[PDB]
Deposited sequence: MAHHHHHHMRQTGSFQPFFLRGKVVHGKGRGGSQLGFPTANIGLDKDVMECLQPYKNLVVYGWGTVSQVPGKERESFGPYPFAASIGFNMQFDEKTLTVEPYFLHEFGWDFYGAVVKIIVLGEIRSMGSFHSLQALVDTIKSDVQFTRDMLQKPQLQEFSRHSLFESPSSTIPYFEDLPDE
């Protein structure tokens, strides 16, 4: 795992959820040219923080979270691929996702064996959980940006 240093700038990101035989997740946050530029300093990384899911088609009134999450930021075009540490039991394509990214786990890197990938995701999941239990970072679950209204999608913002 990467050292948790104050070179990492935390931020906020709001956007809609959009679209190997194993069936990995291919859910992304819809970006635009400006927000892709903001994310450039975070490319080639797996990151973690708190997120929420809202305005889910069919369940449009409800709101889910805040939940722990990890996410990959890289090219595919800068892509953001979030992995909520939560079992919804369904997909939420077209739902608005809001995330606060609080730190970095590692570079996206590469695997040879399949057991290597799984042992690394398990390590990412537990790390993200151990970090978010910290009193300082736990407080960001209750952050006001989640409750902020704004019709601007996507939207990016730095945290002090």
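A.B. asks: Missing CA coverage against the deposited sequence, listed in sequence order.
C.D. replies: Gaps vs deposited seq, in order: 1-7, 27-32, 90-95, 180-181.
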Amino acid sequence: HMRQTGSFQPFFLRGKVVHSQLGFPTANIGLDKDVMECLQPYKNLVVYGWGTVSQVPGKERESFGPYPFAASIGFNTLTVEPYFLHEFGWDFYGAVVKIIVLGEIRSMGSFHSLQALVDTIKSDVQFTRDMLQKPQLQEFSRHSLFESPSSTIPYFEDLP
From here on, numbers count along this sequence of modelled residues.
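A.B. asks: On mean C-alpha B-factor from the PDB entry, just flag whether 47-55 or 29-37 is the higher one.
C.D. replies: On average, C-alpha B-factors are higher across 29-37.
A.B. asks: Going by the average Cα B-factor in the PDB entry, point out whether 9-17 or 133-141 comes out higher.
C.D. replies: Higher mean C-alpha B-factor in the PDB entry: 133-141.
A.B. asks: Going by the CA temperature factor in the PDB record, which third of the chain does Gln126 belong to: lowest, middle or highest?
C.D. replies: It belongs to the middle third of the chain when residues are ordered by C-alpha B-factor.
A.B. asks: Could you tell me which third, lowest, middle or highest, the C-alpha B-factor of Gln115 occupies within its chain?
C.D. replies: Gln115: CA B-factor falls in the middle third of its chain.
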